[PDB]
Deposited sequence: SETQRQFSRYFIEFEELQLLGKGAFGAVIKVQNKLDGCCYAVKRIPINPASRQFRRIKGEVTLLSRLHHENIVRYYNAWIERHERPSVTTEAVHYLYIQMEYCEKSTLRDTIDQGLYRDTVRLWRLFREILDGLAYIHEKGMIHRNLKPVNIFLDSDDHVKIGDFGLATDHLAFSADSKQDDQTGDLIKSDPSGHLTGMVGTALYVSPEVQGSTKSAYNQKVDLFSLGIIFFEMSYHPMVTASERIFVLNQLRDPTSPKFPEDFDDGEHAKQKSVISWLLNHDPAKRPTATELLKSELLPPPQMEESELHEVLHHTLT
């Protein structure tokens, strides 16, 4: 009957929205764990035309810093789209940030370079992420970055050139500037602290780097964050430009 229920054993709900869910499953035949995203779809609609288009791009990605795709299929039970991805054992970049990544200088710079390699690859293949945030970046068991989706305010990652009249591959690099700051800064457990500190970074005049973010031990980071967070997209580097720096 259901391909999902026949082939997989549900282990844990990783994510829940009113309009979608991510489940950790184990495939019965190969004994592997996967993350299976389930999304309700309308096949006689433009929403499904758009979803199928995204599934087409995703199925063509092949890089060590991109969450490995396995399958996608539809079940008529109401139509559901299932996307079977790799299961990343060490959860998301949000979890790393909140557990004090900033103190770990060698790891911090390795993870930023891995997000960069993933990003450069996606741009070289003419694609844009459009939702780059730490919850959408996963870490595997060997502590490697895998860029993913985790999609079920958060507009603090959205580039300024996303308005009526003002957006290419440089949208991802603005979001990257917010992420690298969060990665290079101490955890901001409280919402009010997060919305304040990060809105001060998106200021058109200058990205306000907090008082406890000094040019003593954060000079190399401050340069990269200020360059990526530049209001004028053309003034931002490319991912390869930041890699060959």
property: In sequence order, the deposited-sequence ranges that have no modelled C-alpha atom; result: 1-6, 84-92, 168-200, 215-217, 297-318
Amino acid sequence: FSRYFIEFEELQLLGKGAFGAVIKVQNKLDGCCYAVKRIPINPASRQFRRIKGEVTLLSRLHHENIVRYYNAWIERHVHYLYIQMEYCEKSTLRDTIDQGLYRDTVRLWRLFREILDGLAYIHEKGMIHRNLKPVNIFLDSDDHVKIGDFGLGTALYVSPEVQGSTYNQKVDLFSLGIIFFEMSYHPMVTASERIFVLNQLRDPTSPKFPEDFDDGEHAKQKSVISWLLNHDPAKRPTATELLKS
From here on, numbers count along this sequence of modelled residues.
| item | value |
| --- | --- |
| Per the entry, higher mean C-alpha B factor between 212-220 and 65-73 | 212-220 |
| Mean C-alpha temperature factor, higher of 1-9 and 236-244 | 236-244 |
| Selection from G148, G164, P134, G118 [criterion: highest C-alpha temperature factor in the record] | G164 |
| Peak C-alpha temperature factor (PDB record), options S184, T56, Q47, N27 | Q47 |
| Record-listed C-alpha B factor of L198: chain third | highest |
| Chain-relative CA temperature factor third for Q99 | middle |
| Within-chain third of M188 by Cα B-factor, per the entry | highest |
| Third of the chain, ranked by Cα B-factor, where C88 sits | lowest |
| For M127, the third of its chain into which the C-alpha B factor falls | middle |
